[PDB]
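Quick notes on the structure that follows.
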Amino acid sequence: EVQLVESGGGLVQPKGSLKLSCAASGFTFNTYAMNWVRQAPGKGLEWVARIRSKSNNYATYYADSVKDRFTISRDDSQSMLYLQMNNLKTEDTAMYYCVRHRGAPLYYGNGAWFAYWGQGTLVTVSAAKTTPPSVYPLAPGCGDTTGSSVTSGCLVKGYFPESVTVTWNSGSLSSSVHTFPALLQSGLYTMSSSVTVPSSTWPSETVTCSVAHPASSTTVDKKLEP
Amino acid sequence: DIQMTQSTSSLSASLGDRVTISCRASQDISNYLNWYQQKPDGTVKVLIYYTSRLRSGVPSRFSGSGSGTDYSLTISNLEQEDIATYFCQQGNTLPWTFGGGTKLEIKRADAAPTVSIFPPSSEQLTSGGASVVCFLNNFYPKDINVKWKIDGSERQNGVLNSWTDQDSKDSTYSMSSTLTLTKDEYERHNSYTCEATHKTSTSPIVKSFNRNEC
Ligand SMILES: N[C@H]1[C@@H](OP(=O)(O)O)O[C@H](CO[C@@H]2O[C@H](CO)[C@@H](OP(=O)(O)O)[C@H](O)[C@H]2N)[C@@H](O)[C@@H]1O
């Protein structure tokens with residue numbers, strides 16, 4: 001029901017700027033306070049900023065780490081939340097989540113909590129430049145074959161920043177797939193993905209990985225061949 | 001500011017177990033203590049608010065207790081779908097602060113990995129590089145060792161290994177091992193094998209190919 005769709009995340013250099021957006025739907029936006037919450041990779045959650053409703057004159061509050069650098073705002077007519085981020089620093093690198101505040105305190109208590117969360121938009125503050133990945137297929141060699149199943153893959157090499165998305169057969173073949181978390185090797189990331197299918201249905205029948213790296217506007221498909 | 005501490009950063013439990021996750025605040029927070037679940041894919045939802053109130057739609061096996069500075073989340077009768085990281089958060093005074101998180105692994109029966117090996121691609125070779133890749137799939141427990149043998153000799157330089165998160169449906173893990181060489185290096189050897197050693201077997205699980213037959 002409640003949807004909070006963040007966008008605007010990307011690579012930016014130190015001291016740079018970036019504006020995030022969040023498109024809300026499925027609730028009466030203008031009666032709720034809204035927040036941004038962030039999560040530095042491998043770390044815990046950190047509350048960033050709050051903006052209250054129009055009935056509270058859109059009062060805003062900020063964590064001390066972002067106070068005076070970040071500006072939270074909203075457009076009730078478009079049900080949008082925004083975070084303008086200026087003078088960015090390395091330690092602002094994080095997934096940024098749009099969050100709806102708990103509702104009526106007379107029912108839910110005065111204490112603050114965060115009732116609905118978006119999926120997040122990733123912000124990377126780094127001196128390193130955008131680099132598209134090299135994508136390579138992974139098919140079995142001629143030597144040997146199992147009768148029951150076969151495993152195929154795609155290797156995604158030497159990109160920056162995170163992240164990429166790999167899908168198999170336009171999403172069709174799903175959760176037979178494993179996604180291997182990306183590793184940073186010498187300033188650049190590498191990850192891989194695998195799919196397992198019945199051996200009869202391949203190669204008679206096509207299997208394709210689509211690799212998206214939004215940060216460099218790249219999308220590469222590899223049809224897997226013996 | 002109010003510092004929130006979850007002294008256990010990770011634990012492992014079986015299906016049906018009681019799981020207790022503790023949170024300590026640096027000052028009294030007047031019961032304004034909330035718990036969140038973050039699934040391995042990053043999806044966050046609130047479980048419990050105001051110490052013990054259950055969020056509508058959250059299963060009753062989640063409960064909370066405590067007061068003052070000390071609080072606890074209990075998961076009774078642990079279920080498969082409860083693999084996640086659990087965070088506490090005080091809502092008493094700004095800035096609103098979170099604990100560092102407690103990661104929950106769910107046990108399952110030991111499982112041997114399914115191994116697959118893959119030669120480098122034509123495309124990569126034309127670029128002057130060579131990555132050999134090994135997948136170890138659907139194994140448990142998480143600890144596992146992968147060795148690369150090139151013409152019988154162990155190779156460690158150029159190896160990178162990545163483990164999946166625990167699988168939400170069957171609690172197994174998977175890992176990829178990637179050996180990246182220059183095309184020159186690749187070409188001067190024939191036999192490439194990856195050997196998986198895991199507690200489920202006294203001898204390694206092995207997959208191999210020969211460059212001149214590929
Ligand atoms: N039934 C009320 C309830 O709806 P619910 O969320 O349970 O569906 O809460 C609604 C929202 O209430 C307002 O919540 C605001 C915070 O998000 C709060 O502002 P502050 O916390 O910043 O002071 C405001 O006072 C609440 N009225 C409510 O509209 C529904 O009537």
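Here's how to read the names in the structure tokens: chain A, B, ... by the order shown, residue numbers from 1 in each chain, ligand numbers from 1 in the order shown.
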
Legend entry - Exercise answer, chain B residues close to chain A, 8 Å and only C-alpha atoms, as a count of residues only: 41

Compile a residue-level contact table for chain A against ligand 1 at a cut-off of 8 Å, reporting for every qualifying residue the shortest atom pair and its distance in Å to one decimal, with only C-alpha atoms and all ligand atoms counted, rows ordered by chain and ascending number, as CSV.
residue,atom,partner,partner_atom_place_in_ligand_line,distance
A:28,CA,ligand 1,29 (O),7.7
A:31,CA,ligand 1,29 (O),5.3
A:32,CA,ligand 1,17 (O),3.5
A:33,CA,ligand 1,17 (O),3.9
A:34,CA,ligand 1,17 (O),6.8
A:51,CA,ligand 1,22 (O),7.8
A:52,CA,ligand 1,22 (O),4.8
A:53,CA,ligand 1,19 (O),6.4
A:55,CA,ligand 1,19 (O),7.9
A:56,CA,ligand 1,22 (O),6.7
A:100,CA,ligand 1,17 (O),6.9
A:101,CA,ligand 1,17 (O),4.6
A:102,CA,ligand 1,17 (O),5.0
A:103,CA,ligand 1,14 (O),3.5
A:104,CA,ligand 1,12 (O),3.7
A:105,CA,ligand 1,21 (O),6.2
A:107,CA,ligand 1,7 (O),7.5
A:108,CA,ligand 1,7 (O),7.8
A:110,CA,ligand 1,21 (O),7.5
A:112,CA,ligand 1,21 (O),7.5

Inset, instruction - Quick one: everything within 7 Å of residue 210 (chain B), counting only C-alpha atoms, minus sequence neighbours fewer than 5 positions away in the same chain. Send it as a PyMOL selection string. - result: chain B and resi 190-192

Restrict the selected residues to N, CA, C and O atoms and save them as an mmCIF file, in the first residue's frame.
data_model
loop_
_atom_site.group_PDB
_atom_site.id
_atom_site.type_symbol
_atom_site.label_atom_id
_atom_site.label_comp_id
_atom_site.auth_asym_id
_atom_site.auth_seq_id
_atom_site.Cartn_x
_atom_site.Cartn_y
_atom_site.Cartn_z
ATOM 1 N N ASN B 190 48.113 -25.607 -18.401
ATOM 2 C CA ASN B 190 47.015 -26.349 -18.989
ATOM 3 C C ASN B 190 45.883 -26.670 -18.012
ATOM 4 O O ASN B 190 44.718 -26.383 -18.291
ATOM 5 N N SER B 191 46.231 -27.295 -16.891
ATOM 6 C CA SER B 191 45.255 -27.802 -15.939
ATOM 7 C C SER B 191 44.839 -26.718 -14.938
ATOM 8 O O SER B 191 45.675 -26.111 -14.272
ATOM 9 N N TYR B 192 43.542 -26.461 -14.855
ATOM 10 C CA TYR B 192 43.000 -25.510 -13.884
ATOM 11 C C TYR B 192 41.935 -26.220 -13.058
ATOM 12 O O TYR B 192 40.995 -26.804 -13.611
#

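Neighbours of region 168-172 of chain B closer than or equal to 9 Å, with only C-alpha atoms counted and sequence neighbours fewer than 5 positions away skipped, come out as residues 40, 80, 81, 82, 83, 105, 106, 107, 108, 110, 111, 137, 138, 139, 140, 141 and 142 of chain B.
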
Take the residues that were just selected and, keeping N, CA, C and O atoms, output them as a PDB file, in the first residue's frame.
ATOM      1  N   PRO B  40      18.070  -9.346   4.588  1.00  0.00           N
ATOM      2  CA  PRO B  40      19.357  -9.325   3.887  1.00  0.00           C
ATOM      3  C   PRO B  40      19.352  -8.458   2.604  1.00  0.00           C
ATOM      4  O   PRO B  40      20.347  -7.815   2.304  1.00  0.00           O
ATOM      5  N   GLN B  80      11.868 -19.540   9.691  1.00  0.00           N
ATOM      6  CA  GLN B  80      12.803 -19.445   8.579  1.00  0.00           C
ATOM      7  C   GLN B  80      12.956 -18.008   8.058  1.00  0.00           C
ATOM      8  O   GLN B  80      14.069 -17.557   7.795  1.00  0.00           O
ATOM      9  N   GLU B  81      11.837 -17.297   7.936  1.00  0.00           N
ATOM     10  CA  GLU B  81      11.824 -15.935   7.381  1.00  0.00           C
ATOM     11  C   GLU B  81      12.408 -14.857   8.311  1.00  0.00           C
ATOM     12  O   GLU B  81      12.399 -13.685   7.947  1.00  0.00           O
ATOM     13  N   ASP B  82      12.892 -15.239   9.492  1.00  0.00           N
ATOM     14  CA  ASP B  82      13.411 -14.280  10.494  1.00  0.00           C
ATOM     15  C   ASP B  82      14.912 -13.986  10.372  1.00  0.00           C
ATOM     16  O   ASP B  82      15.448 -13.192  11.158  1.00  0.00           O
ATOM     17  N   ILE B  83      15.576 -14.571   9.374  1.00  0.00           N
ATOM     18  CA  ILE B  83      16.948 -14.185   9.007  1.00  0.00           C
ATOM     19  C   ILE B  83      16.968 -12.712   8.633  1.00  0.00           C
ATOM     20  O   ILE B  83      16.317 -12.291   7.675  1.00  0.00           O
ATOM     21  N   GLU B 105      21.664 -15.387  12.070  1.00  0.00           N
ATOM     22  CA  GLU B 105      21.797 -16.540  11.177  1.00  0.00           C
ATOM     23  C   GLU B 105      20.897 -17.636  11.730  1.00  0.00           C
ATOM     24  O   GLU B 105      20.801 -17.798  12.939  1.00  0.00           O
ATOM     25  N   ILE B 106      20.252 -18.391  10.857  1.00  0.00           N
ATOM     26  CA  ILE B 106      19.447 -19.514  11.293  1.00  0.00           C
ATOM     27  C   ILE B 106      20.152 -20.796  10.884  1.00  0.00           C
ATOM     28  O   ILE B 106      20.550 -20.945   9.729  1.00  0.00           O
ATOM     29  N   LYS B 107      20.316 -21.719  11.829  1.00  0.00           N
ATOM     30  CA  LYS B 107      20.962 -22.993  11.524  1.00  0.00           C
ATOM     31  C   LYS B 107      20.106 -23.874  10.627  1.00  0.00           C
ATOM     32  O   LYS B 107      18.894 -23.674  10.481  1.00  0.00           O
ATOM     33  N   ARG B 108      20.779 -24.835  10.011  1.00  0.00           N
ATOM     34  CA  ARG B 108      20.151 -25.884   9.233  1.00  0.00           C
ATOM     35  C   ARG B 108      21.116 -27.056   9.284  1.00  0.00           C
ATOM     36  O   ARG B 108      22.207 -26.929   9.846  1.00  0.00           O
ATOM     37  N   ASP B 110      23.879 -29.660   7.994  1.00  0.00           N
ATOM     38  CA  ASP B 110      25.081 -29.488   7.192  1.00  0.00           C
ATOM     39  C   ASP B 110      24.790 -29.907   5.764  1.00  0.00           C
ATOM     40  O   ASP B 110      24.030 -30.846   5.552  1.00  0.00           O
ATOM     41  N   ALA B 111      25.361 -29.186   4.802  1.00  0.00           N
ATOM     42  CA  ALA B 111      25.135 -29.450   3.371  1.00  0.00           C
ATOM     43  C   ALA B 111      26.426 -29.218   2.601  1.00  0.00           C
ATOM     44  O   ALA B 111      27.073 -28.192   2.782  1.00  0.00           O
ATOM     45  N   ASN B 137      28.070 -23.770  -4.380  1.00  0.00           N
ATOM     46  CA  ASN B 137      26.696 -23.373  -4.154  1.00  0.00           C
ATOM     47  C   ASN B 137      26.012 -24.199  -3.093  1.00  0.00           C
ATOM     48  O   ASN B 137      26.307 -25.375  -2.932  1.00  0.00           O
ATOM     49  N   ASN B 138      25.116 -23.539  -2.359  1.00  0.00           N
ATOM     50  CA  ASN B 138      24.158 -24.202  -1.469  1.00  0.00           C
ATOM     51  C   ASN B 138      24.800 -25.102  -0.415  1.00  0.00           C
ATOM     52  O   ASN B 138      24.425 -26.259  -0.268  1.00  0.00           O
ATOM     53  N   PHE B 139      25.744 -24.550   0.338  1.00  0.00           N
ATOM     54  CA  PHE B 139      26.403 -25.296   1.420  1.00  0.00           C
ATOM     55  C   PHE B 139      26.136 -24.687   2.809  1.00  0.00           C
ATOM     56  O   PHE B 139      25.683 -23.554   2.928  1.00  0.00           O
ATOM     57  N   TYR B 140      26.384 -25.483   3.844  1.00  0.00           N
ATOM     58  CA  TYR B 140      26.239 -25.055   5.254  1.00  0.00           C
ATOM     59  C   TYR B 140      27.091 -25.985   6.127  1.00  0.00           C
ATOM     60  O   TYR B 140      27.059 -27.181   5.931  1.00  0.00           O
ATOM     61  N   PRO B 141      27.846 -25.452   7.111  1.00  0.00           N
ATOM     62  CA  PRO B 141      27.986 -24.073   7.586  1.00  0.00           C
ATOM     63  C   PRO B 141      28.803 -23.205   6.652  1.00  0.00           C
ATOM     64  O   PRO B 141      29.289 -23.667   5.614  1.00  0.00           O
ATOM     65  N   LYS B 142      28.931 -21.942   7.023  1.00  0.00           N
ATOM     66  CA  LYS B 142      29.444 -20.918   6.108  1.00  0.00           C
ATOM     67  C   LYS B 142      30.934 -21.067   5.813  1.00  0.00           C
ATOM     68  O   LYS B 142      31.386 -20.736   4.720  1.00  0.00           O
TER      69      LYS B 142
END

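Take CA of residue 122 (chain A) and CA of residue 9 (chain A): the distance between them is 5.1 Å.
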
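Distances to residue 61 (chain B) were evaluated for B:199, B:18, B:39, B:183 using only C-alpha atoms, and the minimum falls at B:18.
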
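Taking CA of residue 199 (chain A) as the reference point, CA of residue 173 (chain A) is found at 14.0 Å.
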
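Of all the residues in region 103-156 of chain B, the ones DSSP labels as alpha helix (DSSP H) from the backbone are residues 122, 123, 124, 125 and 126 of chain B.
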
Inset, instruction - Find the spatial neighbours of residue 16 (chain B), counting only C-alpha atoms, within a cut-off of 9 Å - ignore same-chain residues fewer than 6 positions away - and output them as a VMD selection string. - result: chain B and resid 76 to 79

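Across the model, the gap from CA of residue 75 (chain B) to CA of residue 17 (chain B) is 8.1 Å.
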
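Shortest separation to residue 14 (chain A) among A:129, A:213, A:89, A:223 occurs at residue A:89, atoms counted being only C-alpha atoms.
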
Inset, instruction - Could you give me the residues within region 48-211 of chain A that DSSP places in strand (DSSP E), as a PyMOL selection string? - result: chain A and resi 48-51+60-62+70-75+80-85+94-101+114-117+121-125+134-138+149-159+165-168+177-185+188-198+208-211
